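A quick write-up on the structure given underneath.
Only the coordinates and a few stated rules stand behind these numbers; no lab work does. Methodologically, a virtual Cβ is constructed for each residue, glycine included, from the backbone with ideal geometry; neighbour enumeration extends over all protein chains shown.
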Ligand SMILES: [N]S(=O)(=O)[C][C][C]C1234B567B89%10B%11%12%13B85%14B%1158B%12%11%15B%139%12B%1061B%12%112C5%153B%14874
Ligand SMILES: [Zn+2]
């Protein structure tokens, strides 16, 4: 009886195994755009993905992860609200059963169809497992997805999904360029928060981009053909793999833009 997204094991149950679910800096949150304060001390974000080396794509039973070689400083995030250098380890998505839900963060209570998370760890802690034990250990870049025009840079991901339909399947996934998943603008909101899945550790500086990317209905429909179950098990479509907004508590969301 492991955690997942269903009504007997989903987000309202997670606190029993992970009591930090009811902590002081949980994610995601609703971004109230009129209350977020412009902070002129915030720096532009530096996203350096020119040397990113993807290796593999994995269906972990919750989502799919596109994994990178993080054994050297290649793909790094810096600037913005961050002190120091954060190395890209993986990306994944959260999405819905229908286009009206799927994102984890919300904007003035608006839910997007999906949300991309690019996960990076702070190199000053040496490895990812040490980073997640620190309040400034991770930086996750969050990008909203809306349904309209296709995202050409997403199509390589979409086309490999048939080969990782079920939990525990992986596939080689080299030379994928995550620059093709970024919007034009790097304007962002930022706040201190947590992982949005168990173990829910309070280790993340969230950077949520204001500009969504557009993906096609066909692209998101292929996300929704994945399975939460393993091969040879009854089919449970991989949809609605998002945690709802959590209480903001004693936090301020800052905006990089006027
Ligand atoms: N939504 S999120 O906060 O970016 C957490 C994504 C899930 C996981 B998978 B395992 B390790 B791998 B890394 B940390 B652990 B789970 B948390 C992030 B990724
Ligand atoms: Zn995530």
Neighbour counts of other C-beta atoms within 10 Å: give me 162, 69 arranged from fewest to most. 162, 69
Cα-projected label distance for residue 53 with residue 258, points at 7 Å along beta-carbon direction, nm: 4.4 nm
With 0.36 nm assigned to each residue of separation and the Cα-Cα distance removed, residue 249 to residue 8 gains 84.1 nm
For a quick check: sort 18, 64 by the number of other beta carbons within 10 angstrom, fewest at the front. 18, 64
Can you work out the PRE-style zone for residue 172? Point 7 Å along Cα to Cβ, and I want the residues of segment 70-111 with backbone N under 19 Å. 70
Taking a ≥ b ≥ c as the square roots of the Cα gyration tensor eigenvalues, with a/c under 1.5 meaning rounded and otherwise prolate when a/b beats b/c, else oblate, which class fits the chain? rounded
Using 1/(1 + (r/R0)^6) with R0 = 22 angstrom and r between the beta carbons of residue 38 and residue 185, what's the FRET efficiency to the nearest 0.05? 0.90
Which order results if 34, 120 are arranged by neighbouring Cβ count within 10 Å, fewest first? 34, 120
Which order do the peptides 224-233, 181-190 come out in when sorted by mean C-beta neighbours inside 10 angstrom, highest first? 181-190, 224-233
Considering only 26, 101, 133, give the residue with the highest GNM mean-square fluctuation for the chain, with springs between Cα atoms whenever their separation is below 10 Å. 133
Please give the FRET efficiency for residue 16 paired with residue 108, using the beta carbon to beta carbon distance and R0 = 51 Å, rounded to the nearest 0.05. 0.95
Take the alpha carbon atoms of segment 44-108, find their center, do the same for segment 120-149, and report the distance between the two centers in whole angstrom. 7 Å
Residue-averaged 222 nm ellipticity for the chain, from DSSP H runs of 4+ at -39500 (n - 2.57), nearest 500: -1500 deg cm²/dmol
